[PDB]
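A short worksheet on the structure shown next.
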Amino acid sequence: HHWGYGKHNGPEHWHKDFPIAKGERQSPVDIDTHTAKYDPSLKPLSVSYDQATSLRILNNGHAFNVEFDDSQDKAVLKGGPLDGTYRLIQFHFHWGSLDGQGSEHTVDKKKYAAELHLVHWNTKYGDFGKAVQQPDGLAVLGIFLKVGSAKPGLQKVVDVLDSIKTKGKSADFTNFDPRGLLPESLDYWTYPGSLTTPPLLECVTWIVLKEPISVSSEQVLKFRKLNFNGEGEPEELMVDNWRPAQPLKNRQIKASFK
Ligand SMILES: NS(=O)(=O)c1ccc(CCNC(=O)Nc2ccc(Cl)cc2)cc1
Ligand SMILES: [Zn+2]
C-alpha cells in the first residue's frame, strides 16, 4: 500500500508516511499574482542547456523522467534567486485527465493542463542525494502547459511514450535538447518550497515561469495513455498525477518582473 494518486493512497493520505506533508514550506502553492511582490534585486535567470546530455526515459509509476548525465558541469541553472550553480538531473511532467486540470502550481487559482519540472541540484553538495537534505539543495524550474498549438520540441518525448507504457519500463533517450521546451520569456515567480511527491523534502527553491508553453491536444492525449501500473497488471491510466496547492504559511512569493 504505497503512495500514489488515488482515493486510497493520494495526496490527502501522504502525511501518514511523510509527516512533513503538513510542514511549513510545502509545494505546490497558488501564486496570487496581485500579492507577489516585484523584487528588483532578483537577477535574470541563466539557463545554460547547450551541452545537456540526455540518456534515458523512465516510467517510474508516477510520471516519466527524462534523465540527464549530471557527472559534469553540462546543463546548469544559475542566477535568478540562486546562489551558485545547479545541475540538471531530470525533467518530468504532471498532468490531468482533462485539459482543465493537471498543473501543481496555480495562478490566481487557474489550473493549467500540465506542468513541466526541470530538476537541478546544487553542486556545493556534491550529489543529488546529499542535496535533497539541504534547504537550498534543489532548484526546480516549473513551466506551465496549455493546450493549443503543438510544441515541436516536445514531439520526440511524445513519440517514445508508447515504448514505456508501464511502470518500470525505460528506453534510451539520447540527444534530446530541453531548450525546445522553454517559452520565450524567462520572467518568473520564486518561493522556497518542497518536493511535490514523497518524500516531500523541504529542499527546493521553486522558480515558476509566467509564460506557459503551448502543446497540442494530441500531444497531451498521448501523456494520458501511459499507465501507473506495471506490465500485465490492471490498467490504471496515468492521469491526475498532481498534488494540489498547499498552504503558503509564512512565505512570500517574489516576482522577477514589473
Ligand atoms: N515534483 S518535483 O519536481 O518537486 C520533484 C523533483 C525530484 C524528486 C526526486 C525523487 N527522488 C528522491 O526523493 N530522492 C531521495 C529521497 C530520499 C533519500 Cl533518503 C534519497 C534519495 C521528487 C519530486
Ligand atoms: Zn514534479
Side-chain angles (χ1 to χ4, degrees), residues 3-5 10-11 14-15 17-21 23-31 47 56-68 70 75 77 80-82 86-96 101-106 111-123 125-145 154 157 167-168 170 178 181-182 188-209 212-213 220 223 226 228 238-246 251 253:
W3 69 269
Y5 299 91
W14 298 346
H15 73 98
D17 285 313
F18 304 96
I20 204 175
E24 299 301 305
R25 62 172 275 190
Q26 290 290 290
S27 292
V29 301
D30 181 57
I31 299 164
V47 183
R56 192 177 76 141
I57 193 172
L58 169 67
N59 180 332
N60 65 19
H62 302 110
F64 60 89
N65 288 355
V66 176
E67 297 163 353
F68 291 78
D70 64 345
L77 185 67
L82 309 169
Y86 290 70
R87 190 172 296 176
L88 179 66
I89 175 168
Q90 55 106 331
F91 74 76
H92 59 274
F93 303 80
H94 308 258
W95 63 90
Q101 64 189 31
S103 66
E104 296 206 302
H105 294 90
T106 55
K111 295 174 168 87
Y112 287 88
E115 188 173 326
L116 166 60
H117 290 163
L118 293 132
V119 179
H120 312 76
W121 59 271
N122 194 328
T123 59
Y125 303 121
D127 68 11
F128 178 87
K130 296 310 292 267
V132 298
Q133 303 183 53
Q134 305 290 344
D136 59 352
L138 295 197
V140 184
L141 178 61
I143 303 180
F144 297 120
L145 281 62
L154 183 61
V157 172
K167 180 177 187 185
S170 71
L181 303 176
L182 305 176
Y188 66 88
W189 296 286
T190 184
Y191 77 96
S194 77
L195 305 183
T196 70
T197 55
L200 301 170
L201 296 170
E202 287 181 339
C203 63
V204 184
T205 302
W206 274 96
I207 301 167
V208 181
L209 299 192
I213 59 167
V220 71
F223 283 19
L226 290 161
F228 286 131
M238 184 179 281
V239 295
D240 299 316
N241 58 354
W242 49 277
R243 187 187 193 191
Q246 303 301 304
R251 292 174 288 178
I253 302 183

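Just so you know, these numbers use all the heavy atoms, side chains as well, and skip hydrogens, waters and symmetry mates. When a residue number appears, it is its place in the shown sequence, counting from 1. Both counts, for ligands and for their atoms, begin at 1 and track the order of listing.
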Using the ring of each side chain (for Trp, its six-membered ring), is [X] parallel, tilted or perpendicular to [Y], with breaks at 30° and 60°?
X	Y	result
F64	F223	perpendicular
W14	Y5	perpendicular
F68	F91	tilted

For [atom], is there a protein heavy atom at a distance under 4.0 Å?
atom	result
atom 16 (C) of ligand 1	yes
atom 13 (O) of ligand 1	yes
atom 6 (C) of ligand 1	yes
atom 21 (C) of ligand 1	no

query = Less than 4.0 Å between a side-chain N and a carboxylate O, is that true for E202 and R25?
reply = no

ask   = Below 3.5 angstrom, do we get any N/O pair linking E104 and ligand 1?
value = no

query = Can you check whether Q90 has an N/O within less than 3.5 Å of an N/O in ligand 1?
reply = no

key: Test side chain to side chain donor-acceptor pair (under 3.5 Å) applied to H94 and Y112, step by step   = CA-CA 10 Å; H94 308 258; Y112 287 88; over 6 Å; no

request  = Evaluate the criterion side chain to side chain donor-acceptor pair (under 3.5 Å) for residue pair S27 and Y191; output intermediate values, then yes/no.
outcome  = CA-CA 10 Å; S27 292; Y191 77 96; 2.7 Å; yes

key: Atom of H117 closest to the Zn ion (ligand 2), considering N, O or S atoms   = ND1

inquiry  = Centroid separation under 6.0 Å, is that true for the rings of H62 and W3?
reply    = yes

Ring centre gap for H117 and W206 strictly below 6.0 Å = yes

Rounded to the nearest 0.5 Å, what separation is found between the [atom1] atom of [X] and the [atom2] atom of [Y]?
X	Y	atom1	atom2	result
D127	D70	CG	CG	8.5 Å
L77	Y86	CG	OH	9.0 Å
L118	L182	CG	CG	7.0 Å

Any idea which protein heavy atom is nearest [atom], and the distance to it?
atom	answer
atom 1 (N) of ligand 1	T196 OG1, 2.8 Å
atom 8 (C) of ligand 1	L195 CD2, 3.9 Å
atom 23 (C) of ligand 1	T197 OG1, 3.2 Å
atom 18 (C) of ligand 1	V132 CG2, 5.0 Å

ask   = Is it true that the side chains of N122 and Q134 contain a donor and an acceptor less than 3.5 Å apart?
value = no

Does [X] have a non-hydrogen atom less than 4.0 Å from ligand 1?
X	answer
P199	yes
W206	yes
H94	yes
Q133	no

Could you list which atoms of ligand 1 come closer than 4.0 Å to a heavy atom of [X]?
X	value
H117	1 (N), 2 (S), 3 (O)
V119	3 (O), 6 (C)
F128	9 (C), 11 (N), 14 (N)

task = Take the Zn ion (ligand 2) as the vertex and measure to NE2 of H92 and NE2 of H94; round to 10°.
result = 110°

ask   = Can you tell which part of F91 has a heavy atom less than 4.0 Å from ligand 1: side chain, backbone, both or neither?
value = neither

